[PDB]
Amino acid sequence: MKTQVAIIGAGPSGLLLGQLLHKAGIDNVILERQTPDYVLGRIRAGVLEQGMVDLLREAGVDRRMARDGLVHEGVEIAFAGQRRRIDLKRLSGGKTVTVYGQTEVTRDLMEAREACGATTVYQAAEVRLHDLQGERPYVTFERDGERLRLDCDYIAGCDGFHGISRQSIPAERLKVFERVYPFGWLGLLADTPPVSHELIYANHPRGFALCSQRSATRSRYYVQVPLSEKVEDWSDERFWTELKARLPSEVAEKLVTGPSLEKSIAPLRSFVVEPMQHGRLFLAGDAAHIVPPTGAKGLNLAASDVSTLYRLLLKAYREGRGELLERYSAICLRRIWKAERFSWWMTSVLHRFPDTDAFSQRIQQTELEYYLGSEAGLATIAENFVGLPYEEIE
């Protein structure tokens, strides 16, 4: 088989890159390990940046998002008996964020790729990458027991944290930066109306809680849990009693509860590799970096890596400027590290940590009181939360 760009991974990064590229006339094949149905079972993200909303419109896949996505103009933080609204729109200079589930975005891209007839191979087993510093890279994989070869000019590793393409770079050429946090998030999806029209992040003595949503009749809630926990110990009953105990009383009284559609625990991690490319392999999304879910930045950083890679591959194919591709990692990493610092900051001030002496507990509380009480403080949260601007380039 032969193509121009081989994309490893059919989650949101690989599908959005594939759609952008197809629309500009650049042929591409996506290889995915799993089935369509397994990819669509993953709940994950709910919050999209405007930058991400504009990229879906650029890829022509925004009809359902513009109908069904909810635009949010603000977010609440609750701490020490008080609730504080951050007017994102006012403080960021008119930007907002959009709530539309990752499942939905992925289904829309999948429906779009299928219609235009572009290649996607699902159940592609044992993907291997070869001759990365050559002129002619190739990918081998197995389909129904026979080993096939796909020849390409470039490879985009969009295969998430446990994918083959970061593992295919000589470990000595990579610098890893990682922090593992001593807690996870227990998340619960329920077909119930959300308890507020905006998000509520809560710092409570028992641990963090977050109230979020998917639509007017579907809700998504999170509580901080130790790493030792397993989801079979948390009945629906136990989760709603614990959520209610971590919220302000006038918010817990209004809570409509109900059976879970989905329940799961996600560990919190920060992870960055430098560089994000090797020869003709370019990493994008969770393959190159992980942020804790607290700043809602993972899928949105995937969007700007993909946006930066699409514009540089377009310069390389339409305009013959293949040299501009060496700049991919420097351009992406400026943005990645600022969103990593915001996600770390949010995580630090909203969660209950283990080694906590009396001084750090009080500095944590005073960080919330300063940033939420000052107009300049509020603006640093708001501009980071809506998403810092993408780099123009050339």
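Start at 1 and count along the sequence shown; that's the residue number.
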Higher-scoring stretch by recorded Cα B factor average, 157-165 or 109-117: 109-117
Assert higher mean C-alpha B factor (352-360 or 328-336, deposited values) equals 352-360
Deposited CA B-factor, highest of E126, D305, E178, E242: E126
Out of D286, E104, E274, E146, residue topping the C-alpha B-factor column of the entry: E146
Among the modelled residues of its chain, the C-alpha B-factor of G51 falls in the third labelled middle
Report the third (lowest, middle or highest) to which the CA temperature factor of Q365 belongs, ranking only the modelled residues of the same chain. middle
Relative C-alpha B-factor of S249, binned into the chain's lowest, middle or highest third: highest
For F141, does the deposited CA B-factor place it in the lowest, middle or highest third of the chain? highest
Name the third of the chain's ranked CA B-factors that contains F79, choosing lowest, middle or highest. highest
